[PDB]
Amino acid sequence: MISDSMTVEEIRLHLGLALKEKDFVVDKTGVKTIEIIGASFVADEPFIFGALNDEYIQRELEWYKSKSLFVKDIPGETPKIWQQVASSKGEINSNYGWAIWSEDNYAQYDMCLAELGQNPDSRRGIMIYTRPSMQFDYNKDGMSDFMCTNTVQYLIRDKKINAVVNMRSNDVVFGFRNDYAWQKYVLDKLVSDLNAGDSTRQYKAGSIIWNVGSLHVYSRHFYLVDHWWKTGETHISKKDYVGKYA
């Protein structure tokens, strides 16, 4: 059986409770955050707070597909968040396409596919993003990029494929929305590739279980939580917002 987990709605409630109680934690940049530690929930919605920007997600998907570890290869103008985190040559660590499709990271996609193709019940169907050398690699050439995704395991039960996503650190507003788009993409891909290998498999995408060490909102997005707490709306324009989180 799949575990009886929280949903995104209940995560929203706990994040609102945390802000209500001023349970703040100081980020490495010096700014405040609210936070749930050891979060586990079914990702039954594609975002938590904020708006869906399918345009950005598609540019990031194309970058993942290229497997490039240089932020300039992100289609179009590179987001400043990617610029500030990059090395002195424009390099990073956290291209998730490189992580699962590069032979440099030991063919994570292909090996998980072969595993599950040979034994559908396997507990060893897993894609390993992070690496032991990350202790030293995260600030190579002055980058600041310690891999936030650790592992994603895939379990086929009742002809549905469930993903168990293990993250170290996930921003609620931008992080989860982008990362979920990615994990949903890869799950759909895996289902396709297994079904294409044998037409009697008839697998379907199951649940994505999201496990996060520190799931947090930054102070600049507190107004989103505050507004939802008052009104029940998961998004406002920063201009239309009124309340103490200015």
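Quick note: we count residues from 1 along the sequence shown, nothing fancier.
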Mean C-alpha temperature factor, higher of 208-216 and 194-202 = 194-202
Pick between 77-85 and 114-122: the one whose mean CA B-factor in the entry is higher.
-> 77-85
Looking only at 221, 189, 65, 28, the Cα with the top B-factor belongs to 28
Residue 103 - which third its CA temperature factor falls in, relative to the rest of the chain | highest
Residue 136: CA temperature factor from the record, placed by chain third, in the middle
Third of chain Cα B-factors occupied by residue 56 | highest
